[PDB]
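Okay, so here's the structure we're looking at.
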DNA sequence: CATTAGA
DNA sequence: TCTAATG
Ligand SMILES: [Ca+2]
Ligand SMILES: [Ca+2]
């Protein structure tokens with residue numbers, strides 16, 4: 009967590025670059041298991057050779073470790089950090105819809121800047137074009153103060169359309185977090201669960217409402233269960249407009265909520281941790297269900313859920329108010 | 001790890 | 001179809 013710090017962070021830098029600027033999936037996979045093993049070690053690494061004892065650690069990375077260790081740096085690490093093209097990719101990627109594939113592709117083409125991107129909006133796709141529009145706005149944080157304004161409205165139409173809908177703005181926000189990056193709306197209906205062969209319109213209906221009132225402004229992607237978009241808070245009695253925000257809304261089988269909900273509500277840890285317990289508690293939790301183990305090795309049989317409660321009751325824990333689901 | 005666009 | 005990108 010700290011005594012191993014420099015090694016890791018270097019290693020990740022190491023990894024991330026391989027997958028990113030190069031195509032090095034493996035070196036990249038190589039680096040990560042290392043900064044993985046190397047992270048777990050309980051003592052200080054005083055030498056490569058020492059590290060090298062590790063699993064996944066080799067001549068390759070040990071050599072790296074000594075140098076890192078000997079002098080406060082690493083050249084390979086230094087040259088990339090300097091590397092124009094490489095920087096370029098790490099940069100372009102920041103764009104909503106740009107990825108390592110596109111990244112590099114763009115780059116070989118001559119497009120290295122935010123401005124480059126503009127002169128050739130043609131070369132970009134709807135996702136990316138949008139992404140281009142709201143680069144600034146997408147990188148911003150989202151004050152909870154707004155989370156609530158956003159939350160409100162949405163819960164607002166959700167209701168108008170159909171009183172029988174259920175939404176839950178999950179994520180960090182949910183968890184009381186001062187600021188969030190994207191609003192995360194989960195959504196279900198009685199009329200849609202397990203077998204009931206959809207009703208895509210279930211999803212569609214809302215999206216329409218939302219735009220209809222001006223909450224929705226663009227569509228990154230729209231599927232019959234997963235809408236992916238851009239929203240905005242009605243820029244008040246002037247002098248103050250609201251930055252465009254990323255939003256996602258998703259359809260779900262009422263028979264699946266609570267877990268679903270539980271899950272996306274995190275924290276990443278809280279989950280893993282509760283989940284670990286469900287194992288002892290003779291269970292299994294996953295993004296959609298809760299099944300009870302069979303000593304045989306594994307088992308099935310989805311236990312029925314009406315709330316975050318059942319899931320608690322099942323594994324015999326203390327219901328954790330989302331506030332404190334941090335770990 | 002599943003969903004969407006796209007080409 | 002496969003492949004890239006978000007989450
Ligand atoms: Ca080894
Ligand atoms: Ca990106």
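Residue numbers (the deposited numbering): 9 to 335. Don't be surprised by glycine CBs; every beta carbon is placed ideally from N, CA and C.
- Scanning its chain for C-beta atoms nearer than 7 angstroms, with the 5 sequence neighbours on each side dropped, one finds around residue 268 the residues 194, 260, 295, 296, in chain order.
- In the DSSP assignment, residue 267 falls within the unbroken alpha helix (DSSP H) covering 265-272.
- With 5 angstroms as the limit between CB and the heavy atoms of ligand 2, the residues that fall short of it are 101, 106.
- Restricting attention to 328, 227, 64, the CA atom closest to the CA of residue 257 is found in 227.
- Within the model, the alpha-carbon separation for residue 152 versus residue 121 is close to 32 angstroms.
- Residue 48 is not a Cβ neighbour of residue 36, given a cutoff of 7 angstroms.
- Here residue 179 really is in contact with residue 192; their C-beta atoms are around 4 angstroms apart, less than 8 angstroms.
- In this structure, residue 323 lies away from residue 266, with their beta-carbon atoms at least 7 angstroms apart.
- Less than 7 angstroms separates the beta-carbon of residue 60 from that of residue 70.
- Residue 254 holds the alpha-carbon nearest to the alpha-carbon of residue 190 among 254, 107, 50.
- In summary, residue 245 is exposed, with fewer than 16 beta-carbon neighbours lying within 10 Å of its beta-carbon over all protein chains present.
- Residue pairing of residue 237 in beta bridges, as defined by DSSP: 227, 255.
- Counting only the Cα atoms, residue 210 lies some 25 angstroms from residue 242.
- Cβ neighbours of residue 130 within its own chain (closer than 6 angstroms, five residues either side excluded): none.
- Secondary structure at residue 79: coil, using DSSP grouped into helix, strand and coil.
- Three or more beta-carbon pairs drawn from the stretch 125-145 and the stretch 216-231 are found closer than 8 angstroms, and the two stretches are therefore classed as touching.
- The beta carbon of residue 96 is closer than 7 angstroms to those of 115, 120 in its chain, skipping five residues each way along the sequence.
- In the three-state reduction of the DSSP assignment, residue 133 falls in the coil class, being assigned neither a helical nor a strand state.
- In the assembly as shown, residue 149 is an exposed residue. Its beta-carbon has fewer than 16 other beta-carbons within 10 Å.
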